[PDB]
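Given next, in structure tokens, is a single chain: the form deposited in one PDB entry.
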């Protein structure tokens, strides 16, 4: 069967995909859509084979028959004996971040402040935190908790999009793809670094990766970790070094999905593609790297050591686990077992 069609979300991911396609000698081809959801539709239709998804979307795709294939693994300290591809995934820490200078801002006084989310329907940027705020608040009016937000994917005319900037010309305001200045882990963090928002719902990795000269991007150049605090569920505020005892939840790694009838074929190609363009791939540093895109998290997260086999041939509910799956189901009662499309 041997040729995989990859689905890219928006213009910037399309261009990296074209490049990956070039260096692979057409072993991988690209289809493009303006949103993650449209990419999932394309995969159902059969017009694209696979894409990498945040847990939040895996839940969506899952209800539609798509299955996780391989997962992103970042370099861990424990489980050092095992090779990255066979090594179990650790998941990541959802956290809520704020400016240290913004004193007296805690989890208990988040109401009527300004929020930065990765995008609607994502784990750390939306489901985890809006899940908690609904339960704590006993109201489904999560669109009225924060005074203004940037929540890519929500109604552009709503308060949930008020803080989103769109692209260089200010078009595509709020679109849930990287054309939005404030989309995804980085976008949401920039949203805070620039004091557009009061809080940012991202992952622990995002604060480290974009502070203390890790980014060299113009807006992160001068960001110091020491100027940021984590918000914990007990009302306290801790340094970004204490993420292990001050997070909202641990989230299942982003995974590659596909139609079940296609999983095997997607898997074999992807494993070979990474032996060539992964971290120590034949042709990475020299010609092309699947896992670099200058802090921009295009196609895969920049901190991916490798894509890993799953083991236990899990179904999407097992991959995400019971915990998270009930969090999303509960939260989706505000916004009924069927494919969204």
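Numbering follows the first chain given and starts at 1.
Keep in mind the form deposited with a partner chain bound is missing from the figure; the text below concerns it.
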Against the partner chain in the bound PDB entry, would residue 296 count as a contact residue? Criterion: heavy atoms within 4.5 Å.
no
Residue 59 near the partner chain in the bound PDB entry, any heavy atom under 4.5 Å?
yes
Determine whether any heavy atom of residue 63 comes within 4.5 Å of a heavy atom of the partner chain in the bound PDB entry, and answer yes or no.
yes
Is residue 37 close enough to touch the partner chain in the bound PDB entry, meaning at least one heavy atom pair within 4.5 Å?
yes
Which pick from 41, 284, 275, 310 sits with a heavy atom within 4.5 Å of the partner chain in the bound PDB entry?
41
